[PDB]
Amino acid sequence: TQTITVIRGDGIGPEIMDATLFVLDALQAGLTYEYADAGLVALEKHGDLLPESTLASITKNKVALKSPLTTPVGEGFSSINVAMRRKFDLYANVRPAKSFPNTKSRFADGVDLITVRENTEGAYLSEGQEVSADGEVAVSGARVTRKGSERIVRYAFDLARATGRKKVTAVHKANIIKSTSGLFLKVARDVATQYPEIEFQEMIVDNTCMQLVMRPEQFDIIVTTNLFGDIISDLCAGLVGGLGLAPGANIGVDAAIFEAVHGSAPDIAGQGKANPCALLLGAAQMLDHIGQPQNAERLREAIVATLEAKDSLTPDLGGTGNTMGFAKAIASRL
């Protein structure tokens, strides 16, 4: 057995988590669920968007499955995902982009890639930002370290080995930003030598984005620095229809958090209309992470086959089914 922390969340969160846990049970993933509060429900009932008991649950179990959360506006609330990243040193932001039939387009299918984005350093740090008093000159910084580069590239290669993928492409601008991006590329080359059967490719970031729109089928795993990974993961979402079906993970040494990328959609909450596919695919990522890749693949192919058959699809996809009915149609093809 293994226990995971489950955050049911806000809006459509509870409905799609119910559906996801149904499919996980139908897979016989062997998991048990421990529930924790975050977001609106925590704020109302425990005084904090992110209570220490939930942090302790995640610390103990090291794996969390997280529905979307609502954070109120206008009250100075801090980003929950940022707080978790700082708390658990979640250095790998991992975003799969995969083609599915009948899910809107840029069609032609065949996209099946993962963007591994370094998420603790690079160009997105708070440190180094200042504007002069007269408002004329702004500066910002970037920091790349051997330690931070080594761990993100090792993660990418370990992911390749753990899921049966065959190529890692390191994306950089080392010709121009020689110090930081050059150190990232030097480290990536060094790490690649430790994984002889995984093809290693280097590609400049501008050419990478051109190639992603001309032939995204050529990519397998992409690994890159913080800002570049932000950009590339959202580009790739556009290749496969957008953010409505997108899973995500944020992974560190002693904790990993799996989710849907989309928000809590409170307008349709409780109506059984929400599409559970994104969170299901986040649970597939979780299964890959905890060592059940065969079940992750069973789940992804069942989703493909259910979409091909148009069996009990939710209204966002032109069907008249409901969240749980869609989940049950998926589970029937496992």
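From 1 onward, residues are counted along the sequence shown.
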Per the entry, where is the mean C-alpha temperature factor higher: 72 to 80 or 121 to 129?
72 to 80
Between 299 to 307 and 40 to 48, which has the higher average C-alpha B-factor in the PDB entry?
40 to 48
From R85, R106, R154, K173, pick the one with the largest CA B-factor in the entry?
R106
From the list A274, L65, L55, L281, select the residue with the highest C-alpha B factor recorded in the entry.
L55
Using the temperature factors of the C-alpha atoms in this entry, rank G141 within its chain: lowest, middle or highest third.
middle
In terms of its chain's C-alpha B-factors, the third that includes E199 is the lowest
Among the modelled residues of its chain, the C-alpha B-factor of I290 falls in the third labelled middle
For the chain shown, is the CA B-factor of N226 in the lowest, middle or highest third of its modelled residues?
lowest
Of the three thirds of its chain by CA temperature factor, lowest, middle or highest, which one includes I257?
middle
